[PDB]
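In structure tokens, the next block holds one chain alone, the form deposited in one PDB entry.
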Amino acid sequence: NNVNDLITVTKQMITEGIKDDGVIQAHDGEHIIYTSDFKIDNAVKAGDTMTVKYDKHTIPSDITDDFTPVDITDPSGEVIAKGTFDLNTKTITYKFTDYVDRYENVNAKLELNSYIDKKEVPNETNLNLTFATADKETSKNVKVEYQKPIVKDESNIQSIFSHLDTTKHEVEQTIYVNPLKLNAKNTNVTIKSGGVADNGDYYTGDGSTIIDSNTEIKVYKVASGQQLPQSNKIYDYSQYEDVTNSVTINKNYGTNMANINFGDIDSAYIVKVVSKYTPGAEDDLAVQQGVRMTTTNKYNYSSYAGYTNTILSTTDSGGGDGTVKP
């Protein structure tokens, strides 16, 4: 019962969530906003469906798996349509309720947020984004930019939050240690709740995590000819060398603070940390965790590099209205 041909799109556009500069700052958490205004033909009836298509390179939620499309509701809360999302086709199917049997001259407005899908965009690139409402397409050219490591002599590090589970209250951090493959002497990495400044200085910050013996920490060695994705997200760990049992890990080094002793290294490593957080903290954006890399430089003192992640959120909207059928 697809009625895309009965949906008339009167306005649609793609806009950037933080700054209109033609560049999606994906590691700054910059979202993409797709807005669509459309009319629903009077012939549309309960159970009929329409579709909304996201660009293949975008995804409604970057770090959670729990996306459910927002209802389309009228001003008093009547549900006009219920939506289901197919991740594989990047498509919402909206199914109309008997609202459309009781009202006519029905129109609706969708505001759908999305992020760069790191699986589809492993490295920086130019994209021609194309979104669609009921098969009516609109496009926007953008560049995707990712972050760079903080570099101080041979200390060089970067990290992202790569997953968030709001049911089990776990957050996953993916850390690139020495991505530049430098000769990093006496390498130690600290992971801590709250903040680590670019120069390694600790700060309390505005979020927290819980780090203890039940924190999960895995460490992988990257070969000299292996290239890490700029997205900072690893979807398959199988081609890297698991060296978790060959480095020293102290999950209780300090208060909510773990550290890893690497010694002298000449290679990049990936560290994946799964820590807990305070239930509900995601609604206050109060989940924050940082990393510090220390090495000994050629002048016999320590060089530090720091990196901190936090979370951002968006909320879709779907509204409509109509006049009562006599």
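When you see a residue number, it is the position in the sequence shown, counting from 1. Only the largest set of C-alpha atoms that superpose within 1.5 Å between the two forms is called the rigid core.
- Between 137-145 and 111-119, the higher mean Cα B-factor belongs to 137-145.
- Two stretches are in play, 83-91 and 183-191, and the higher mean C-alpha B-factor belongs to 83-91.
- Comparing the C-alpha B-factors of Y277, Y299, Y269, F262 in the entry, the top value falls on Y299.
- Per the PDB entry, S213 shows the highest C-alpha temperature factor of the residues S213, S155, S231, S159.
- For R102, the recorded CA B-factor ranks within the highest third of the chain. Only modelled residues enter the ranking.
- Residue-level temperature factors show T64 in the middle third of its chain, judged at the C-alpha atom.
- Among all modelled residues in its chain, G306 ranks in the lowest third by Cα B-factor.
- Split the chain's modelled residues into thirds by C-alpha temperature factor. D74 is in the highest one.
- For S238, the recorded CA B-factor ranks within the middle third of the chain. Only modelled residues enter the ranking.
From this point on, the text means the form deposited in another entry, which you will not see here.
- Here the two forms are overlaid on the core, and between this form and the one not shown the C-alpha of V79 is the only one among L180, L87, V79, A223 to shift by 2 Å or more.
- Shown in the overlay between this form and the one not shown, fitted on the rigid core, is a CA shift at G280 of 2 Å or greater.
- The pair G77 and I14 approaches in the other form: their C-alpha atoms are at least 3 Å nearer to each other than in the form depicted.
- One change in the other form concerns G77 and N113, whose Cα atoms lie at least 3 Å closer than in this form.
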